[PDB]
Amino acid sequence: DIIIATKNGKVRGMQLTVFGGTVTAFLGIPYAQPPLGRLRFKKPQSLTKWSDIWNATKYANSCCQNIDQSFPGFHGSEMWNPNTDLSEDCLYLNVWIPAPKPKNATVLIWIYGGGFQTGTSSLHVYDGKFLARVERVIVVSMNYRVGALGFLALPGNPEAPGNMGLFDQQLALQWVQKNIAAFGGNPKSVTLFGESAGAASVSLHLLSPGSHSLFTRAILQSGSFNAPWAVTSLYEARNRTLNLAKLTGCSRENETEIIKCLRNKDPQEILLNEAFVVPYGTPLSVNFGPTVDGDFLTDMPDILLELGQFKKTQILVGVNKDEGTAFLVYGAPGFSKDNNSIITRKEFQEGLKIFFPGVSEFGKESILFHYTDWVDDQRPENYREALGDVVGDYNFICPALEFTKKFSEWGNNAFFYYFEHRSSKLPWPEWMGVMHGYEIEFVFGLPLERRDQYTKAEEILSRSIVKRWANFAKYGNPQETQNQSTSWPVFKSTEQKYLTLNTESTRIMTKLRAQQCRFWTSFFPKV
Amino acid sequence: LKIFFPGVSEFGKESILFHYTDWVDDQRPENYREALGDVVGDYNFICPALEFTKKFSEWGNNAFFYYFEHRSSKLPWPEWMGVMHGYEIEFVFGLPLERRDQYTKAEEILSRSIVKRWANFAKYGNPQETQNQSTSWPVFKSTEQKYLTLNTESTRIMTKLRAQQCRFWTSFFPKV
Amino acid sequence: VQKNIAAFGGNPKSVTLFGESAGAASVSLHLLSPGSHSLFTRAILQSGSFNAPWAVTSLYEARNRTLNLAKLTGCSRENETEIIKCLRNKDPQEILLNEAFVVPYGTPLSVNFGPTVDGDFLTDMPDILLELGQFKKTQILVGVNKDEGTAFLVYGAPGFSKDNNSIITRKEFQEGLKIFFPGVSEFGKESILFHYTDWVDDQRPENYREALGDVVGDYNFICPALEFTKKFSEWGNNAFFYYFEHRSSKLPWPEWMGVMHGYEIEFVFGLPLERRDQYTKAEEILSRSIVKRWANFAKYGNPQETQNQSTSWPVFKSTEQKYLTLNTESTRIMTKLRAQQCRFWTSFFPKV
Ligand SMILES: *[C@@H]1O[C@H](CO[C@@H]2O[C@@H](C)[C@@H](O)[C@@H](O)[C@@H]2O)[C@@H](O[C@@H]2O[C@H](CO)[C@@H](O[C@H]3O[C@H](CO)[C@@H](O)[C@H](O[C@H]4O[C@H](CO)[C@@H](O)[C@H](O)[C@@H]4O)[C@@H]3O)[C@H](O)[C@H]2NC(C)=O)[C@H](O)[C@H]1NC(C)=O
Ligand SMILES: *[C@@H]1O[C@H](CO[C@@H]2O[C@@H](C)[C@@H](O)[C@@H](O)[C@@H]2O)[C@@H](O[C@@H]2O[C@H](CO)[C@@H](O)[C@H](O)[C@H]2NC(C)=O)[C@H](O)[C@H]1NC(C)=O
Ligand SMILES: *[C@@H]1O[C@H](CO[C@@H]2O[C@@H](C)[C@@H](O)[C@@H](O)[C@@H]2O)[C@@H](O[C@@H]2O[C@H](CO)[C@@H](O)[C@H](O)[C@H]2NC(C)=O)[C@H](O)[C@H]1NC(C)=O
Ligand SMILES: *[C@@H]1O[C@H](CO[C@@H]2O[C@@H](C)[C@@H](O)[C@@H](O)[C@@H]2O)[C@@H](O[C@@H]2O[C@H](CO)[C@@H](O)[C@H](O)[C@H]2NC(C)=O)[C@H](O)[C@H]1NC(C)=O
Ligand SMILES: *[C@@H]1O[C@H](CO[C@@H]2O[C@@H](C)[C@@H](O)[C@@H](O)[C@@H]2O)[C@@H](O[C@@H]2O[C@H](CO)[C@@H](O)[C@H](O)[C@H]2NC(C)=O)[C@H](O)[C@H]1NC(C)=O
Ligand SMILES: CC(=O)N[C@H]1[C@H]([C@H](O)[C@H](O)CO)O[C@@](O[C@@H]2[C@@H](O)[C@H](O)O[C@H](CO)[C@@H]2O)(C(=O)O)C[C@@H]1O
Ligand SMILES: *[C@@H]1O[C@H](CO[C@@H]2O[C@@H](C)[C@@H](O)[C@@H](O)[C@@H]2O)[C@@H](O)[C@H](O)[C@H]1NC(C)=O
Ligand SMILES: *[C@@H]1O[C@H](CO[C@@H]2O[C@@H](C)[C@@H](O)[C@@H](O)[C@@H]2O)[C@@H](O)[C@H](O)[C@H]1NC(C)=O
Ligand SMILES: *[C@@H]1O[C@H](CO)[C@@H](O)[C@H](O)[C@H]1NC(C)=O
Ligand SMILES: *[C@@H]1O[C@H](CO)[C@@H](O)[C@H](O)[C@H]1NC(C)=O
Ligand SMILES: *[C@@H]1O[C@H](CO)[C@@H](O)[C@H](O)[C@H]1NC(C)=O
Ligand SMILES: *[C@@H]1O[C@H](CO)[C@@H](O)[C@H](O)[C@H]1NC(C)=O
Ligand SMILES: *[C@@H]1O[C@H](CO)[C@@H](O)[C@H](O)[C@H]1NC(C)=O
Ligand SMILES: [Br-]
Ligand SMILES: [Br-]
Ligand SMILES: [Br-]
Ligand SMILES: [Cl-]
Ligand SMILES: [Cl-]
Ligand SMILES: [Cl-]
Ligand SMILES: [Cl-]
Ligand SMILES: [Cl-]
Ligand SMILES: [Cl-]
Ligand SMILES: [Cl-]
Ligand SMILES: [Cl-]
Ligand SMILES: [Cl-]
Ligand SMILES: [Cl-]
Ligand SMILES: [Cl-]
């Protein structure tokens, strides 16, 4: 029986057997007042003392959210859906620590993604026990509020100021600063890591003065705040808060009374209407996301990035080879996960209208022009592949590269990767390639479990990624120093070197997607 | 090894085996097949060509290095033999420009680009394709050792071809 | 020392660690250990460093050896703590008597029980900490003696004796490799033989004798000390490297063993300054100069002798790799000590 005294109370954990060793897990420690009733839509409030022993032996509730129902019964989608009850009472975190208890272990804090509308830290692919066992780091992960309940904004109004889910994250970071030493952790060696909206989050913590003393270093997997989906404009946010009000019968004029009315609706009514606050939007649109609130975010983040107003530290950033393909089977005509989705020119153009809805005809023609000058006129998969690259370059790759360039220009070491291994177990079809989300299981070391159907080469790849991530967290340098590995060079805005991650040959390459990103980053923002 | 290195000591041959058989997976059936081909190709062609180019460029002259990795669609040898010795020649001489002759469209484009780069090298000392938004071919210098890959898909600038293998053949192996 | 040396007239902010062989390896681990960082200023490493092959016991070696010691003393249990409690009731002599046998193949000099990655003093494998710059940023002075390996040869290598000139044959050489590299493959040992036996003259009788000593000294001391110094200087700090090549006039070991492991120490501690004690005048001058350079290093971070028209000691940088030779005749600046040998031990041999 292992009991740790925290600043707010005792917590009891449980022992896990991992690779013939032991890991101690504390699942579901509360870190804030449950944001219920009058606390709905507000910043998270500090948690007051308890005097008994809190049993942290099961994952806690996941935050309320609309789940993915486009592929019922299919593991490729359902692996991302919440696996604990949904509840507004969801502000909990998880701690995995090595056994025996470490003396001053580096701490990895995971922030899940899911478009700021979904996600939970209890997913199988985020299980921190392998990292704790294999690299003797402490892994922490938190639930934070998503969708309108986490990001509804009336800027300036503390009844619904925006960015609440980011403040949830920030309060979990504070909890680690105050408490992880009792667990054997070093609060001066904390690395944030996250994927998709979790990476965008990590990048906003680099920008937020309130987060600067709460962590050391940062890892951004397939996301950054400058991605086009990651920050909601204050005009978008007001229109959407107001549309949600009308849709729920809560239109008022004392702005605070819209909020009080929204506070009496059941979670289900709020969730049901979230999808429709945007005139044109898909199962994946970021209806309620981060905003410039004047608190967490003091200015438009593109300005802060460009002018060097961010935490000066090392970053590790990267993207997967086929980021865009996942999005195509949620609406683009002609696409299906159950066939090879050979689409025509007309379907391609229709697909652009779905992914770029309020873009001019000329804007969409310019995309088509830049992605359809083929090397062979007659390859049937031309348009299929182009649409996926369009979506992936615009939404993930070019923003991640621009973030890394702009961040490194202020003097800090940055390391960039390109993950191009397709999991042997991937349940999605081969045409979707190296999908968004599917590096995570390598980062968390799932292929280290030989019982679990991965190949030997995937075991070696995950082992190497785990070591590089751990070395980055501990030492600020993502090398594998012992096994004659390719050395990972720093990314500099001139040479733009990056490391490819695959089972065969790991290589140093330069200027990823050079011609594509000049289109998205330089020209396209004008249209 | 005994056939390809006949008057080499037992230790010499063991050292080749040591440097080419530390597998990424113990159990891939083609491990030894692929290793023997790489042994023969690195010793006899690739490492000497790279060493020549380094030593020649060290005296001040522009050098350009390529790595040809396209397997001809018409190749009559089996797939396991890959991008064989001799089989870039037909691209250099422009045979795939003859549409009547069973090559793919991508091979026509590749041969056309190689022919232009060779011709530009002969005429101007610089193997660029300047008109069709092509990857620029950097000079090979003994420090950075940049080279151009030639294939139908994506033509890329890479660095330090066969670095670990050639340190074996060029630095150690001549001692045995 | 931090808490008490001021009462003795000492400056706790000017503390230099120095040590030799396992003591130098220790000094180098204090550079790596966060708990030691505020306890000293500067460091001197004489014939050792933690990256030497004998200096850090693997956690797998260490468990096997703790368990073998348990069986050998009748303390095998399964509550791990109860092995220890049982070991705590044995007499010191019983523990000591069984230490030698915890390793299947080992000599009077093997490091049966050494430093380990304990997660406390040592938070990670030290080679990783060195390579990634995780160590105390300060000046170091590092060096080695010309014949580090010879001492080990008379503790087991066949054909060797301190009481004759130990001319050994090829077969004895190969046998000697098996003693010094016991769990190394046949190919590994052949590769050592290949790199150390391409003679300048086929027929010099002492060829194999000299080669075996250089094998042992380069692998165990010189190449690790040079690699430590390169890797440490790459993070910005001044490092100074020496090569001690004076054979003590009083040395009781035979001349063929040369400038042995351990035999710079008496010069460092100034024993030849005692004229009553049978050293030559040149050895008095050499010890006096070494003592001044060591003291200047401790006090000022710079091992010069500034007053007597001495060779200036350059910093060691990973590009030029300059080092200072220490001898009674002529003290010289040289470059890239053991270049070809160390490329073998440091780059190739760890693969075998
Ligand atoms: C938080 O966890 C603790 C401990 O959790 C356990 O610890 C590990 C080591 C394993 O043993 C796992 O089983 C658990 O994870 C919880 O403490 C348990 O509380 C129960 C109460 O339900 C206790 O069990 C029984 O013990 C007493 C011994 O005297 C019995 O007498 C009790 O039965 C009585 O119930 C009647 C109620 O009026 C009473 O009048 C009768 O006379 C009857 O005898 C009791 O059921 C025991 O203290 C713990 N259980 C175990 C297996 O150790 C703690 O409850 C958890 N906190 C929660 C759930 O909020
Ligand atoms: C800002 O919101 C208005 C209103 O949105 C409508 O009402 C909401 C409650 C919700 O159900 C939305 O889906 C509705 O669209 C948007 O105005 C609508 O725009 C569409 C197409 O442009 C049009 O067909 C509707 O008739 C409009 N409805 C009204 C009431 O004007 C408006 O487009 C939003 N602004 C932006 C920039 O998207
Ligand atoms: C691939 O499938 C899409 C999706 O169609 C659905 O899923 C299929 C696997 C099958 O079960 C169909 O019955 C389903 O309707 C096909 O897209 C449809 O294409 C035709 C015309 O092209 C028509 O039925 C619909 O308009 C399309 N439906 C959607 C949702 O786009 C597509 O044609 C298939 N492509 C190939 C190459 O087989
Ligand atoms: C790990 O230890 C085993 C056991 O060591 C033996 O028992 C000890 C108490 C001690 O007396 C040692 O000297 C013994 O050797 C090693 O296994 C032995 O290996 C040798 C040669 O390889 C063999 O002849 C013995 O029969 C083995 N004995 C047993 C009990 O298995 C083993 O080699 C050690 N591991 C390593 C990597 O050295
Ligand atoms: C040098 O001496 C070694 C050691 O032999 C012992 O010490 C000698 C000084 C002398 O007192 C001997 O009687 C001792 O046995 C000699 O090594 C021996 O060599 C012969 C065969 O070569 C044989 O007696 C033993 O196998 C060896 N013993 C050992 C312990 O190695 C060596 O031959 C002498 N070399 C020279 C050049 O004189
Ligand atoms: C509130 C929620 O989402 N989940 C609860 C959980 C469920 O409500 C319950 O399992 C029915 O679905 O109930 C938890 O608490 C239980 C107590 O009500 C009771 O003492 O019986 C159980 C004893 O084992 C248990 O403690 C749970 O099962 O953990 C609490 C959880 O938040
Ligand atoms: C734990 O370690 C602390 C020092 O942390 C160091 O600095 C930060 C920035 C990281 O880079 C980390 O890896 C370093 O070790 C000490 O100040 C503290 O006293 C230590 N505490 C315990 C209990 O060991
Ligand atoms: C002793 O000297 C102290 C200063 O030490 C200085 O700094 C360290 C880092 C060394 O380089 C040392 O040689 C320097 O002199 C003073 O702070 C202290 O007050 C002094 N105390 C007495 C009693 O003189
Ligand atoms: C109405 O608006 C005023 C002014 O902002 C505010 O003080 C008040 O709390 C709001 N609600 C009510 C019920 O008065
Ligand atoms: C390095 O290789 C060893 C086997 O030689 C393996 O056990 C270990 O997991 C590897 N380490 C990393 C970090 O890949
Ligand atoms: C360049 O492209 C044109 C068509 O746009 C083609 O006809 C020509 O052969 C190409 N030239 C080279 C050198 O590849
Ligand atoms: C036996 O093992 C337990 C568990 O580690 C430990 O608490 C105990 O002190 C050990 N010894 C005895 C005598 O119980
Ligand atoms: C320098 O030379 C003088 C004599 O000229 C001698 O007494 C002194 O010991 C020497 N000092 C050093 C540091 O060698
Ligand atoms: Br948006
Ligand atoms: Br070799
Ligand atoms: Br050892
Ligand atoms: Cl690609
Ligand atoms: Cl077309
Ligand atoms: Cl590219
Ligand atoms: Cl452009
Ligand atoms: Cl094999
Ligand atoms: Cl290569
Ligand atoms: Cl080599
Ligand atoms: Cl010498
Ligand atoms: Cl000989
Ligand atoms: Cl030398
Ligand atoms: Cl060599």
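A note on names: the letters A, B, ... follow the listed sequences, proteins ahead of strands, and every chain is numbered from 1. Atoms within a ligand are numbered from 1 in the order they appear, just like the ligands themselves.
- A distance limit of 4.0 angstrom between heavy atoms and ligand 2 selects the residues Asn239(A), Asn243(A), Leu247(A), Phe276(A), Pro279(A), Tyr280(A).
- Taking 4.0 Å as the cut-off between side-chain N and carboxylate O, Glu255(A) and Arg238(A) count as a salt-bridged pair.
- With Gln307(C), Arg288(C), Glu305(C) as candidates, the residue nearest to atom 9 (O) of ligand 13 on a non-hydrogen basis is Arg288(C).
- Against a heavy-atom cut-off of under 4.0 Å, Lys292(C) is close to the following atoms of ligand 13: 13 (C).
- Using a 4.0 Å threshold on non-hydrogen atoms, atom 4 (C) of ligand 13 does not count as touching the protein.
- Nearest heavy atoms, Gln117(A) versus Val146(A): O-CG2, 3.4 Å.
- Checked by atom type, the side-chain pair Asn302(C)/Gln304(C) shows a donor-acceptor distance below 3.5 Å.
- Relative to the six-membered ring of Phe491(A), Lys405(A) misses at least one condition, a distance below 6.0 Å or an angle of at most 45° to the axis.
- In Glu69(B), the CD atom is crowded: over 12 heavy atoms of neighbouring residues, nucleotides or ligands sit closer than 6.0 Å.
- Side-chain N/O atoms of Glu283(C) and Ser249(C) include a donor and acceptor closer than 3.5 Å.
- Under 3.5 Å, the side chains of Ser222(A) and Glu323(A) contain a donor-acceptor pair of N or O atoms.
- Within ligand 13, the atoms closer than 4.0 Å to a non-hydrogen atom of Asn308(C) are 1 (C), 2 (O), 3 (C), 8 (C), 10 (C), 11 (N), 12 (C), 14 (O), numbered from 1 in the order shown.
- Within a 4.0 Å radius of atom 7 (O) of ligand 13, the protein contributes no heavy atom.
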query: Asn145(C) and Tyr243(C): side-chain hydrogen bond (donor to acceptor under 3.5 Å, both in side chains), yes or no, with the steps?
result: CA-CA 6 Å; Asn145(C) 298 354; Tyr243(C) 186 61; over 6 Å; no
